[PDB]
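Read the single chain below, which is given as structure tokens and is the form solved without the ligand.
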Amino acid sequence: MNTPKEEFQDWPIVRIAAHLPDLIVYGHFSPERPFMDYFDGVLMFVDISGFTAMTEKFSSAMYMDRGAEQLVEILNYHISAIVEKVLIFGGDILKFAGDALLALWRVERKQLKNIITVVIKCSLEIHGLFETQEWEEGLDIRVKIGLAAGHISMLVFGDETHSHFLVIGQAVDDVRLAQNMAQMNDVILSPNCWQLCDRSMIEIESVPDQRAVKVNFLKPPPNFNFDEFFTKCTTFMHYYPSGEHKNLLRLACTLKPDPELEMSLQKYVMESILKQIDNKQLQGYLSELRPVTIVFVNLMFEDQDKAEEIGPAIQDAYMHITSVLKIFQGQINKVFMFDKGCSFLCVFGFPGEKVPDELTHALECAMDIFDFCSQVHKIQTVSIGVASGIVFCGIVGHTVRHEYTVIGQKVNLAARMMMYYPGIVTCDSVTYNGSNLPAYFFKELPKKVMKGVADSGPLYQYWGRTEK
């Protein structure tokens, strides 16, 4: 009797699972919104820092109308190799944001020390991928890595149709601080990561005026064998592909159809992505250089450390944000923590979602979100940056682990505006000029020097309809 091999694994549920971490795929949590959960882990924040001198160059006549296609191809080539490294070393990629990603090794406290060693080896191996690498004949392309460790809270919020999750807490804020101390080729350890790590393994140098450390070397003891040590470490990794599935990058590739699980997983994924997953849209339709308006919403909390307070506040803000965005077919593309503030990357004019007067509407939506969230219990400050122009849209990452993302100078500008101009709604010159709304709706702002942005152009506050 024949025994044909190679099981089917290309189900819709498996395609949806590529867009999600194991944290969600295998999460099995309660129906309530918000849901909060508490654990320990190691975080890795990887930034690709060459990928700016190419995005706006991919929008040039050089690329002959295939700018977005060439951009996503070369980015995915490089990001895919980082993803395979994280997955093989047992990490869970939480989220992609442009040419950057956050990964998690979740583990019980007693295993943090050994898991840190695994995450350090992974990090140096990621740097090794880029040792003699270039984008074009002249531009290097290297990464910066921040590592943090300790207590981590997960927040899941949303409504009956949409879900979003966030990691929160001091380790999360730590990994961002560690990452932006990093220079090209660095691995920076947060102060608590350094306090928790196996110091007999790792040669460090001090970071001036910082308690965070830079890794110089991983110098193993005489009888140390990384492969055997890694094997011992997989004992504590719930979902590490093993045995029969030792050849897979993710246990999620083995997901079987399950209507209840699929209903729950699809809530995290945009409808245009689901349409492609269902073979009802061309697989390449979402890769594009596209004019859009970014509405970047930051919420700062009265107690920035009180996870139990911030959960309901984010839930309340989200409930109103989603209802305002729906009206103009605007989308939440990402949510993440930024200076212990909750940030919503909102996008107007996505594929099949472009509607006229996009600019007037992004501004009125921003103000609507601003007025409501300002009155949300425990929200201390609302800040909104609005910028409009050509941005890259596309699915970024590896075949087994990828997310739809936006990349471009206007994305970074809206993010810098909400941080540098807190407590107000700001917009760039494109939005101001193209709103045609009368000038007295705006206030022209002092020019601030903003990290990463070279000549923002004139910036404005959206003052609104009245003097009050």
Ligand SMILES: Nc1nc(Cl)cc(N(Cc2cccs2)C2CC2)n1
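Only the largest set of C-alpha atoms that superpose within 1.5 Å between the two forms is called the rigid core. Each residue number is its position in the shown sequence, starting from 1.
Another form, the form solved in complex with the ligand, is not on view; read the next lines as being about it.
Contact annotation: the ligand lies within 4.5 Å of heavy atoms from the stretch 168 to 176 in the deposited complex, the single such stretch among 168 to 176, 228 to 236, 364 to 372, 378 to 386.
Using a 4.5 Å cut-off to the ligand in the deposited complex, each of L94, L102 and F338 places a heavy atom inside that distance. Among residues of the shown chain, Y432 is not one whose heavy atoms approach the ligand to within 4.5 Å in the deposited complex. Applying a 4.5 Å heavy atom cutoff to the ligand in the deposited complex picks out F45 as the lone residue from 35 to 55. Superposing the rigid core between the shown form and the other one leaves a single residue from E73, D357, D159, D305 with a C-alpha shift of at least 2 Å: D305.
Compared with the form shown, the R211-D303 C-alpha separation decreases in the deposited complex, the change being 3 Å or greater.
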